[PDB]
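Below is one structure, written out as structure tokens; comments come after it.
There are 2 protein chains.
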Amino acid sequence: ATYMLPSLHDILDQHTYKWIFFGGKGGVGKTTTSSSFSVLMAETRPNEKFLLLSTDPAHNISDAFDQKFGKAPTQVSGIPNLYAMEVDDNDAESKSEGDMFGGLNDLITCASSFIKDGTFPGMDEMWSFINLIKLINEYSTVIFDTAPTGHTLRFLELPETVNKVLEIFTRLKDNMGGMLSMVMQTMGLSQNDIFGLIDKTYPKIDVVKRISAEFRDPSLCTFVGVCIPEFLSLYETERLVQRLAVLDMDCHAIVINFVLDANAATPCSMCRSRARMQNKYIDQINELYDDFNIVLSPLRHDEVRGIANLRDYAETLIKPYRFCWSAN
Amino acid sequence: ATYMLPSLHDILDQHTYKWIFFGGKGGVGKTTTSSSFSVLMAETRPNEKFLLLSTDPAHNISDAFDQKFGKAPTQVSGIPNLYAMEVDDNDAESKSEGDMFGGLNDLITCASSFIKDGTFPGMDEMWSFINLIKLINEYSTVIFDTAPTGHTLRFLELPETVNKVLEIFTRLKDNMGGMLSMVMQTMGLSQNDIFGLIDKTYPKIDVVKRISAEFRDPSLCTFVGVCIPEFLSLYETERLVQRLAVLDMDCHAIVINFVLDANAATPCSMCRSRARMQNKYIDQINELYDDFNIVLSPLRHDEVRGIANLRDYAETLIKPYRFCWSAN
Ligand SMILES: [Zn+2]
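Next comes the structure, spelled out in structure tokens:
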């Protein structure tokens, strides 16, 4: 057994990556793992530039580094080549460009109603990603820290939506099922305005399609699961691994956090039992994900705050920590 | 603060109850709480008879008591007046009666297709409950241990389904929208067979409606939530409490299991941190569910097995355990 090494060295070594996602439902020290990895990845390659991108509304990355971040990418104090921002002049571009994506959103809703059986995903989920691409210096790799709750695959289901947006585009320009005429009547727009709107938006729909196709490429993009030795935490990563499989997303790495370093030899009786409780859930992962890199991160007394402790935490991601149940 | 007592004494005292449910997603020692409470409730009222009913497919109650159980209710060795069974001669009744509920299931599917917009819940979920009522000696109270995963409110959404079954019944006998004629043609049945089938089944649909209305009565039925001090465990009981609210189900009691009895004074550093981690999640419950009885059950070294330990565990459900952070 233990075919795969319990380390994130393969991912740190492989410099071909551009997008590294970090997903994990609940409080599993995900933002610690997301932050610490970015630091480690930055100081190991001091020549190349890197981005840390959080979709967490609680701004847990700013508390991890002990430094506030905004929508604009800001250099991390003490770690150059590492920039951090918070997702969810340029306001003048937003008004003019937002008008078209307003008009598009109107055109797809109208066009959908003539075919789509009471169904329409918003263009905001796509428009949000189209804004994100505009602010991507030239960073060697971008590290994604997904939301801890709600819908955490918001950017990873775009290729499903574009396919329907491009379906509408073909049906309009071919005038299939008399959709072009029905849209021209309802919205009161000219054929030049409709073909005009398709022309201006399509290029930005194409870069999304192509960038979303890079996520499906395992040499360009990888996903790292984060969890804890607890029943519900397993169940959530079971679904996540199955959800990335149907999306053609690569996941071969999982980080178990808050692992209690204790066994039968531990004098503390209360620790011996909590270790037995964890062993049951850590084994399941080993048996189930035998083709994954399963990284075990020890329990720390104080929660990780500052570049100093992030760097210290990061040691156990690449150099596997020697627990008591480790033979050597 | 602490308006409500951290005990299940109100529920043990109130003998007016007939149905006590125990719900809790994941491994939160739910079957320990379900078992131990039944034992405590049985030995406090030695005159009256009680039932312990598990819908868990893993048969975790049989391992808790250390005694196998079947579909038939079996007396617990050392605790008379307490019977335990596993849900999910009499086979001769099942064939003859199953034919009608086969015919009904056929009639509702057929009738639904003429109105219900591609929608039909199965009659098996109801038929399963109709079988359960037949085996309800005269037990003073029945203690329900719901499934730990999947759909754990299977019996508690029957009043939604019967309303539609009774909707079909009215529409048929009134011949509204020409449904009676359409059913008589498709299934090739006589008006006497349809009105004949309604007549034989309705009484059993009525006892379900009335028994399901007793669940909504807070003096006859109550729900007890079970969870652990962990992020995902909270989130799951948040949904459960909100789901029981829309169903008009009474829940004013929650049992937090595997509570580590440690604080700043605890010599063990590894225990001090795991106590700080738990404090964050235990407080949320106190702030949020200020109108609920929040019971704190201490962490035990060995998992509960046998009537001896169930009885010992049950002490801390009624007499609140003195933790270190308890002033006295
Ligand atoms: Zn300890």
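Respectively, the protein sequence lines represent chains A and A'. A prime marks a further copy of an entry chain.
The first sequence runs -2 to 85, 106 to 153, 156 to 347 under the deposited numbering.
The second sequence runs -2 to 85, 106 to 153, 156 to 347 under the deposited numbering.
C-beta: ideal position from N, C-alpha, C; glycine also.
- Identification of chain A' residues near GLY24 (chain A) by a Cβ-Cβ cut-off of 9 Å yields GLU249, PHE250, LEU251, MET296, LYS299 and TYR300, ordered along the chain.
- Between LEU37 (chain A') and the set A':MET289, A':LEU329 and A':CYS343, the nearest pair of CA atoms involves A':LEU329.
- In this structure, DSSP gives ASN282 (chain A') a state outside helix and strand, which the three-state scheme calls coil.
- Per DSSP, the beta-bridge partners of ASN312 (chain A) are A:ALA272.
- At a cut-off of 8 Å between beta carbons, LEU152 (chain A') makes no contact with chain A.
- In this structure, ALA81 (chain A') lies near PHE66 (chain A'), with their beta-carbon atoms less than 8 Å apart.
- For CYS240 (chain A), the uninterrupted beta strand (DSSP E) segment begins and ends at 240 to 246.
- For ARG262 (chain A), the closest C-alpha among the options A:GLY139, A:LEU172 and A:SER59 is that of A:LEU172.
- Taking 4 residues as the shortest admissible run, the stretch 174 to 239 of chain A contains the following complete alpha helix (DSSP H) segments, listed from N- to C-terminal end: 177 to 193, 198 to 205 and 210 to 233.
- Counting only residues of its own chain and dropping the five nearest sequence neighbours on each side, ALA39 (chain A) has a CB closer than 6 Å to the CB of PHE47, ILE76, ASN78 and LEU79.
- Chain-ordered, the chain A residues with CB closer than 9 Å to the CB of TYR254 (chain A') read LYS22, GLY23, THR168 and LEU251.
- Around the beta carbon of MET289 (chain A'), a 10 Å sphere encloses 16 or more other beta carbons of the protein chains shown; the residue is thus reported as buried.
- Within chain A, the C-beta atoms nearer than 7 Å to that of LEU318 (chain A') come from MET289 and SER292, in chain order.
- Not one heavy atom of ligand 1 lies closer than 7 Å to the C-beta of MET296 (chain A').
- For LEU279 (chain A), a Cβ of chain A' is located within less than 8 Å of the residue's own Cβ.
- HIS271 (chain A') is positioned such that its CB atom lies no closer than 8 Å to that of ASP302 (chain A').
- Relative to ligand 1, the nearest heavy atom lies less than 7 Å away from the CB of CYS290 (chain A').
- Listed in chain order, the non-local C-beta contacts of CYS343 (chain A') below 8 Å within the same chain comprise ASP280, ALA281, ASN282, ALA284 and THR285, local neighbours out to five positions each way being set aside.
- Per DSSP, the unbroken alpha helix (DSSP H) holding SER292 (chain A) starts and ends at 288 to 307.
- Under the 8 Å Cβ criterion, the stretch 225 to 233 of chain A' does not count as touching the stretch 2 to 10 of chain A', having fewer than three qualifying pairs.
- By the Cβ rule, the stretch 201 to 217 of chain A does not count as touching the stretch 176 to 183 of chain A, because fewer than three pairs are nearer than 8 Å.
- Between the C-alpha atoms of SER252 (chain A') and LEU251 (chain A) there is a straight-line separation of about 7 Å.
- Counting every other CB atom within 10 Å of its CB across the protein chains shown gives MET268 (chain A') a total of 16 or more, marking it as buried.
- Here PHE242 (chain A) has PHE18, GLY20, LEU263, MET268, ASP269 and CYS270 as same chain residues with Cβ atoms under 7 Å from its own Cβ, once five neighbours each way along the sequence are excluded.
- No Cβ-Cβ contact shorter than 8 Å links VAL278 (chain A) with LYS27 (chain A).
- Ranking A':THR41, A':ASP85 and A':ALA69 by CA distance to the CA of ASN156 (chain A') puts A':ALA69 first.
- For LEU121 (chain A), same chain residues with a beta-carbon under 7 Å away, outside a window of 5 residues either side, are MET140, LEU216 and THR220 in chain order.
- Spatial neighbours of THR126 (chain A') in its own chain (CB-CB distance under 8 Å, excluding positions within 5 residues in sequence) are listed in chain order as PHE137.
- Taken through DSSP and simplified to helix, strand or coil, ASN328 (chain A) comes out as helix.
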